[PDB]
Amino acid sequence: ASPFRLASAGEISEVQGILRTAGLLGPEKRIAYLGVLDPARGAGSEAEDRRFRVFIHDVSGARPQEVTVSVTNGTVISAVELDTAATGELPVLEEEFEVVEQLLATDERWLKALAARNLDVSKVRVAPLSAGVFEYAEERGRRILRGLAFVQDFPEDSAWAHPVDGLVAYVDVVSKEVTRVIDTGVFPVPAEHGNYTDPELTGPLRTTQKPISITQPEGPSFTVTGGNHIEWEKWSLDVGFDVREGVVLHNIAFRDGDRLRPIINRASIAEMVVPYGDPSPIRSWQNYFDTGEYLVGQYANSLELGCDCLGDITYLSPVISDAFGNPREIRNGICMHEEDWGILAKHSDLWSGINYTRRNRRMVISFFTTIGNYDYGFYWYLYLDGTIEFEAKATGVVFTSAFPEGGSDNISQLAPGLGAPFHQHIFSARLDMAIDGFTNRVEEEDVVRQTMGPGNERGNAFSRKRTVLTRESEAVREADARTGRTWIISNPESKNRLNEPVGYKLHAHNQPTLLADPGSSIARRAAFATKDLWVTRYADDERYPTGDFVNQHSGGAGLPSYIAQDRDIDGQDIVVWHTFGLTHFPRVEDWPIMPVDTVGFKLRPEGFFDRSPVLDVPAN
């Protein structure tokens, strides 16, 4: 019955049929994005209407369409022809990944460049890289991909070990025209292989690792009902899946006594971007938005037991659309399980003689995705004590280049002649807040140091200050680690027993934000990435910090546009957008496959409860 249930195969087939019948899904059409739309606000009316949003691409060169359909009524709600030079190109298709290599393989400029380097064209792989927006006039309104080459010596060879530097090409994937081929000069192609399964490279595998067994003889402490509704240790939520954002959490709430108390209405990673910091023309254009341009959900991995998720696991197998509207299941694409988390609370008291120890645990909801060379794990955690946390785990193979003779200020060396250009991985968490309901506000909290003097004669005092963010214009905030800056989301109309408004405190990692010059294309296209925290007023159509159509969009889209409305956010339905990321100067240890590195954020209750919420946890 739940309006937050996962999309079904049947629903996806209905969308296909509705689209087909309406004349919108002929043979030259491709579905570039398809997702179910969340229930609308003020929906306490009881009138379920399952709607899906679709981006439809045309391979024959006709303009694409944005379409919303109702799978309840079988109707097309809206169908709008898009002007891509205006509002952006559609997300990259998986079926386009091979096109760049294929178009270049018969191009004389490209073959010439390969020939100079003595590379058999049959062995040259070409990365299908998003183009962004730079100085090339002919690219406006064209569906462009850029291509960088990597040699693959044999079918099972890791191409990333063999970048072809000094060469890049641009292709119109629709007209099938190679628009430009740029050769700045030959660089040696790194010769060492990067094959991390080769005994030559790995050496003899370890025999020292003894097994670790994690089991639950009574089964899990959480229940799953209605397909995706989770209940666990007072927590309640719905686990959604969208082909763009991946795992999405809905209706995060905590059972406090008799009350079901909302905390976050919707939590997602609404964008991620990987900007490169190498000023070489071969790569200075490169900034892929894995979420917005490539859609990380469609590449979610099937997670295998004992390997990806250890212990007592419950899987969801979300259904997506293929490029033709057929339902495709990602089997075991989402892991759900609880983990022991060490000590929760502990005290041995010298006066009462009481010794007390309780253990902690967390509910984990996760998926792993792959987009070319890079692979990410996305993890949401719910803790017994009311803490909510997200963690991204970055791994895969680093994007490579030549390492210049004489070195580089913007590239690191991984192996002889093999380079790794500097880059960032920057995420945006979109948190549709609902602290005890929708009437919320955000305060910026700073530590306040105090001067020695009257009222502080020993110079020991320190304090804190809170600044309420009242309007969107003043809600674009930056980190200040030195002054312990956090942000509190509170409900001014809902007070705890000490008569203070209930709250949750956001703790950032205070990692560097976007490093690019503010006049850069990427600073404009990824403006969200330039500040740590944004607060907006909720709106149905404000979904992504980068706007709906990120691919080849000229800039200013998303958050910087939304906040221009300068709406009231002081005791209103608001959305917090947190930017957090990793700045990556690759190390030799990252090669030839990268050990996981992590980044994320958490929120902890701040006077949300009237006392510790874990006093009723048993002794074990």
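From 1 onward, residues are counted along the sequence shown. By rigid core we mean the largest C-alpha set that fits within 1.5 Å across both forms.
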>> To spell it out: superpose each other structure in 7 other deposited structures of this protein onto this one by the rigid core, compute Cα RMS over structures and residues for 92-100 and for 143-151. Which is larger?
In response: 92-100
> Which is higher in the entry, the mean Cα B factor of 181-189 or that of 470-478?
Replying inline: 181-189
>> Mean Cα B factor from the PDB record: higher for 23-31, or higher for 576-584?
In response: 23-31
> From 543, 117, 244, 449, pick the one with the largest CA B-factor in the entry?
Replying inline: 117
> If you compare 594, 559, 56, 36, which has the highest Cα B-factor in the entry?
Replying inline: 36
>> When the deposited Cα B-factors of this chain's modelled residues are ordered and cut into thirds, is residue 341 in the lowest, the middle or the highest one?
In response: lowest
>> Lowest, middle or highest third: which one holds residue 11 when the chain's residues are ordered by CA B-factor from the entry?
In response: highest
> Ranked by Cα temperature factor within the chain, is residue 301 in the lowest third, the middle third or the highest third?
Replying inline: middle
> For residue 568, does the deposited CA B-factor place it in the lowest, middle or highest third of the chain?
Replying inline: middle
>> Please place residue 162 in the lowest, middle or highest third of its chain according to the CA B-factor in the PDB entry.
In response: middle
